[PDB]
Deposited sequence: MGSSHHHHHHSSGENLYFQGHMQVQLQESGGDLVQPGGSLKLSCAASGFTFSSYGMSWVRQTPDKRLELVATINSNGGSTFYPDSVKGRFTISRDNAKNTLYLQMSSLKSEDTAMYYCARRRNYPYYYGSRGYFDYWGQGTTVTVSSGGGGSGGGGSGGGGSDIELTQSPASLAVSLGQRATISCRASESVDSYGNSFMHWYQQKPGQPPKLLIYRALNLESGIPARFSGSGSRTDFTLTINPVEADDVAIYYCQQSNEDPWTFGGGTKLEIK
């Protein structure tokens, strides 16, 4: 019964302000770091703000730093995003997402285990780059699908790789499949497997079923900002 639910999206003019809210339920909100991640019309995912569990420390990528403020009211189990000086580039679906850093060990980096359904914002008229290949593939039922992600620099530290894989279907947020390159998320079928290290990672789906038609995203958490690859669309031939 973990739920996140965003509100506040609207049509805004350039230069305008807008405040988004994300209301959490079904867990101890103060125990978890949180982020806002937006999905632009080109289907890219971009972290725009992140906050620690106690709300005292915050991080923003260069794209939005100085314009956006993330905050949390732990008593009200709510996350906020105050947006100002809005620009065309800010038009996107905005998601809040919960950070999970598990198992926990020295240097361990987290990933997103829960997402809200998103709220739409429309503005009227040295980051690590992850490149996926192929951008699109079609396979027959029962075949393997092999999706590659290459990072611009290594995403390894402490003997481990902080690369994760998500699945996204239409109308839905991303869903975590694989964390830290090779660990299968609870509830995810064993036909999904991840491999790789340093700069070179692979998601293998074998055998593919019709339920696996989706866009698949890699994401690194070895450095801030956390960054996502551009997605790979899987269809059935």
Gaps in the model (deposited sequence, numbered from 1):
1-22, 148-161
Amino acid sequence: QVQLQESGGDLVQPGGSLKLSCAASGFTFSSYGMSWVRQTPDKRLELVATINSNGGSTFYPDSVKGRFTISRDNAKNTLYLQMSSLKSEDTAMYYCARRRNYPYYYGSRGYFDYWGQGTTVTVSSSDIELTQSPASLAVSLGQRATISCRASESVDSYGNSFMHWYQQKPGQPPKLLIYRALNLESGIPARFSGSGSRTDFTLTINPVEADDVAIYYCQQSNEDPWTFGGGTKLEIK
From here on, numbers count along this sequence of modelled residues.
Taking the deposited Cα B-factors and averaging over 62-70 and over 26-34, the higher mean is found in 62-70
As the entry reports it, the stretch among 148-156 and 106-114 with higher mean C-alpha B factor is 148-156
Between 91, 78, 101, 126, which one tops the list for Cα B-factor in this entry?
126
Among the candidates 210, 203, 177, 51, give the one with the maximum CA B-factor reported in the record.
210
Can you tell me whether residue 185 has a C-alpha B-factor in the lowest, middle or highest third compared with the other modelled residues of the same chain?
highest
Ranked by Cα temperature factor within the chain, is residue 55 in the lowest third, the middle third or the highest third?
lowest
Among modelled residues of the same chain, the CA temperature factor third for residue 9:
middle
Chain thirds by Cα B factor, record data; residue 121 belongs to the middle
For residue 97, does the deposited CA B-factor place it in the lowest, middle or highest third of the chain?
lowest
